[PDB]
Amino acid sequence: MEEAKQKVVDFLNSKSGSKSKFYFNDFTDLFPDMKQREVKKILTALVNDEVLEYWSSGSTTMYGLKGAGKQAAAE
Amino acid sequence: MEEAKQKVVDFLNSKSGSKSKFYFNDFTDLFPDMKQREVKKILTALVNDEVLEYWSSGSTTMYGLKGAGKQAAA
């Protein structure tokens, strides 16, 4: 995986201070050096590859690692 | 995603499914027409792609969707 994508996965794959999904703007907050359009492109490629799952949320979007939604529902 | 890989992801991406630990032979049980080595290569590709994570467990190996280990722990 390329470094920018690996940094998304590593943030999400954390025990402490984490949850099943984060806003688009949580990722731009974490990678302020990147263009926001490029953050959207890398997140979308990770959803297409099924590393991430995608959600609509209100007026924006959320992302988490594949399976996190069902795992949290299970509880 | 190729069909066998998608079958593994869909099997794991479920509520029932997230409550459980699945070992290598549980996946080979789902692919009776395949050699164990072919299933190991499918699962290893999914680990490389970081769709799955895996580790050694007991006498075998355990596979889950990426992040499952640390979600559950939290």
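All names here are of chain B. Taken as a whole and judged by the stated rule, the model has eight aromatic pairs over all chains. Taking the centre distance of 4.9 Å and the plane angle of 65° together, the rings of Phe 11 and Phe 22 count as edge-to-face. On the criterion of sequence distance, the pair formed by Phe 11 in helix α1 (residues 3-12) and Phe 22 in strand β1 (residues 22-23) is long-range, its members being eleven residues apart. Residues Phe 27 and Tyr 63 carry aromatic rings whose centres are separated by 5.7 Å and whose planes lie at 80° to one another, so their mutual orientation is edge-to-face. One end of the pair, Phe 27, is in helix α3 (residues 24-29); the other, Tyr 63, is in strand β3 (residues 60-65), and 36 residues separate them in sequence.

Moving on to the side chain of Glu50(B). One can find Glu50(B) in the loop between α4 (36-48) and β2 (52-57). No salt bridge is formed by the buried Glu50(B), whose closest oppositely charged neighbour, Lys66(B), lies at an N-O distance of 4.1 Å. Not counting the four nearest positions on each side in its chain, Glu50(B) is found in contact with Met1(A), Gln6(A), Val9(A), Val51(A) and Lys66(B).

Below, the discussion takes up the pairing of strand β3 (residues 60-65) of chain A. Residues and elements named next belong to chain A. For β3, the buried fraction is high: five of the six residues fall into the buried class. Bridge analysis of strand β1 (residues 22-23) against β3 gives two bridges, and the strand direction is antiparallel. Each bridged residue has a counterpart across the sheet, and for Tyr 23 the counterpart in β3 is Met 62. Pairing geometry for strand β2 (residues 52-57) and β3, over six bridges, is antiparallel. Residue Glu 53 lies in a different strand from β3, and its bridge partner there is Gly 64. As consecutive antiparallel partners, β2 and β3 are separated by two residues, and within that stretch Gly 58 has a phi angle of approximately 55°, a positive value.

So, about the pattern of salt bridges. All names here are of chain A. Using the criterion set out here, one finds one salt bridge over all chains in the structure. Between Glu 3 and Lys 7 there is a salt bridge, and its shortest N-O distance comes to 3.3 Å. Of this pair, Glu 3 and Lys 7 both sit in helix α1 (residues 3-12), four residues apart, which is roughly one turn of that helix. Accessibility expressed as a relative area gives 42% for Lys 7, which makes it partly exposed.

Calculation criteria
Residues numbered from 1 in each chain as written, not as in the entry; some residues may be left out. Chains lettered and ligands numbered in written order. Heavy atoms only, no water. Residues with missing side-chain atoms left out of burial classes, pairs and counts. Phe/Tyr/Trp six-rings, centres within 6.5 Å; stacked < 30°, edge-to-face > 60°. Helix = DSSP H or I, 4+ residues; strand = E, 2+ residues; numbered from the N terminus. Buried < 20%, exposed > 50% of the residue type's maximum accessible area, 1.4 Å probe, protein only. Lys, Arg positive; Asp, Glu negative; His and termini not counted. Salt bridge = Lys/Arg side-chain N within 4 Å of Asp/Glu carboxyl O. Contact = heavy atoms within 4.5 Å. Pairing = 2+ DSSP bridges.

Honestly, it's all geometry; don't read function into it.
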